[PDB]
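# Remarks on the overall topology
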Amino acid sequence: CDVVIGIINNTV
Amino acid sequence: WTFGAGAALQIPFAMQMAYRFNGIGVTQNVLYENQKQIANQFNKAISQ
């Protein structure tokens, strides 16, 4: 995760 | 992206290229892996 601007965690 | 049939819908134009990677059929890891380089190629291209 390096250029990810908007970040959404906990993708299941 | 949608324009013409429509008005506009607030897309921030790297997201335009991110969708337009389909009109060639490629990933969005073209741009965002190569952000400033692709930007500068666009800039150098216009300057030339």
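Going by what the PDB entry lists, chain B is known as Spike glycoprotein and is assigned to Human SARS coronavirus. Per the PDB header, the title for this entry is "Trypsin-cleaved and low pH-treated SARS-CoV spike glycoprotein and ACE2 complex, ACE2-bound conformation 2".

In this section: the overall build of chain B. When you go through chain B residue by residue, the secondary structure sums to two helices and zero strands. Viewed in the frame of its principal axes, chain B has a C-alpha envelope of about 35 × 25 × 15 Å. The burial tally for chain B puts 8% of its 48 residues in the buried class. Carbon and sulfur atoms provide 57% of the accessible area of chain B, an area that totals close to 4,200 Å².

Our focus in this paragraph is the packing of aromatic side chains. Describing an aromatic ring pair means giving the distance of the ring centres and the angle of the ring planes. All names here are of chain B. Taken as a whole, this structure holds one aromatic pair over all chains when the rule is applied. For the ring pair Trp-1 and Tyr-19, a centre distance of 5.0 Å and an interplane angle of 80° mean the geometry is edge-to-face. With a gap of 18 residues between them, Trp-1 in the segment before helix 1 (14-20) and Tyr-19 in helix 1 connect regions that are remote in the sequence. Using a relative accessible area of 44% as the deciding quantity, one classes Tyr-19 as partly exposed.

End to end, helix 2 (residues 35-47) of chain B covers 18 Å across 13 residues, agreeing with the expected 18 Å (1.5 Å per residue, within 8%). Among the 13 residues that make up helix 2 of chain B, zero are buried, leaving the element largely open to the surroundings.

Reading guide: rules and limits
- Residues numbered from 1 in each chain as written, not as in the entry; some residues may be left out.
- Chains lettered and ligands numbered in written order.
- Part of a larger assembly, values for the part shown.
- Heavy atoms only, no water.
- Helix = DSSP H or I, 4+ residues; strand = E, 2+ residues; numbered from the N terminus.
- Buried < 20%, exposed > 50% of the residue type's maximum accessible area, 1.4 Å probe, protein only.
- Areas by Shrake-Rupley, 256 points an atom, 1.4 Å probe, with all protein chains shown as cover.
- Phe/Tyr/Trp six-rings, centres within 6.5 Å; stacked < 30°, edge-to-face > 60°.
- Expected span 1.5 Å × (residues − 1).

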